[PDB]
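Next up: just one chain, as structure tokens, the form deposited in one PDB entry.
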């Protein structure tokens, strides 16, 4: 059995009530939200304010308070509602039954923290990371990677069948000069696998040629046509160059703990020929300067689906890719995690796909989840002085360094070398790199700051991961092992008489409702906001309620309130999932 979405349950209850009080009213508002101040209950329903605002006319405006009255008068018998009260104009304040909350806290402790599955399976495709081969993967790709991983995890946790696609840029004209140069530098590449060093030095080598030698440029353009032509030798060089890129990428994905099925633009090369003919045959194609282009009614720009030279484009592959995901993959949802600079691009592509009838946005969710740019502390584009793209591995390396530094006051002397000399160091470094991104609205520009993100106090992974170790330490330092806790879970009636154990209990039980909202807006920062809220709710609890009494001298225990122990476990279980959804790896000791 799994956690219950209280907002959905409450919406279902007031739903039946409103239908009973006002049977002829259609699509009444059902805004149910958690109360911030315990004064006014645990949840609030505003539907009576919204209902009067529906029936509002020129001459007559019904009092919300009377509506509230009819609504509450028709509340069905339910398991979660203690009592309700009508407040102010017509706010409906909701108090949860103590039994319900207590029992649900127990339920997550015994069956673990988990979501109710989809009634029917659903396939979600998440298109993220997607660096360009031969060019340096940059912080834009980092964001996509971090955000996409966490989205994927969220839908997995929610029971969706998730396909993680790395839509890599491996079909550009970027390859012409690279291949030509490979051929010149390693004339035996066809047999002797060439020792390409850093792909970027090699790119820079061939780009100087590309920019200075007119005749070389021509070869490069031909290599691109031969590559599209599936020429064996040219294709072999393309594989060898991609191989080299792949091993570098795998370093980053392993570090970041990310799993991705590679499926670059090159994957769709056959399907692109069809895509072009299908737009031609349906009459959507216009010839312009030798280019085959497509105007989508409503859009600011046309799609270029074939260049003058017969070469396919980024528009061509996105069109091939969205089509195969709709028909072959039979996706119920496709999520594109790409920088906001490409909004216009994806808006036109989706428009193009609807125009030719590949999907109905009411039946299939197709969603561009964009994100703002990465800035330094100067509010200009995050670069390396000067003024070039920063190696992600360097970025990560600098994280691991600063994390260890933090730890050496003075924790190199408490923890195992494993506990520290990796577990805490890597956990904090990567956690802070992820948390600093995801904890802010993805849409906004993001100031990448090692100092802000590694800070021990406030909304950081450093605070939260530490708060997590403390919460675990309580049962640890009272010798209540995992078998005792599991046992206690099955037997102890969790008690919620204190103000702070009630605040904390009802906060814990909000986890499912938080996640479900994120499935709709794909705003992961509210999950962060909730982890932080949860930590704060815990600290307030702990500072008002003893989990163990040690009785002064000589401070050696002699009392364990097993229900406040369990509360601690429920907090950490929920925090642990949350971290997991964000791709954050909590440690035990730190």
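Numbering follows the first chain given and starts at 1. Under this definition, the rigid core comprises the largest set of C-alpha atoms superposing within 1.5 Å between the forms.
Below: the form deposited in another entry, not depicted.
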property	result
Shifted position (C-alpha, 2 Å or more, core held fixed) between this form and the one not shown, chosen from 498, 517, 185, 408	185
Core superposition between this form and the one not shown, C-alpha change of residue 368 at least 2 Å	no
Residue 219 C-alpha shift between this form and the one not shown of 2 Å or more, rigid core reference	yes
Post core alignment: residue 284 C-alpha displaced by 2 Å or more between this form and the one not shown	no
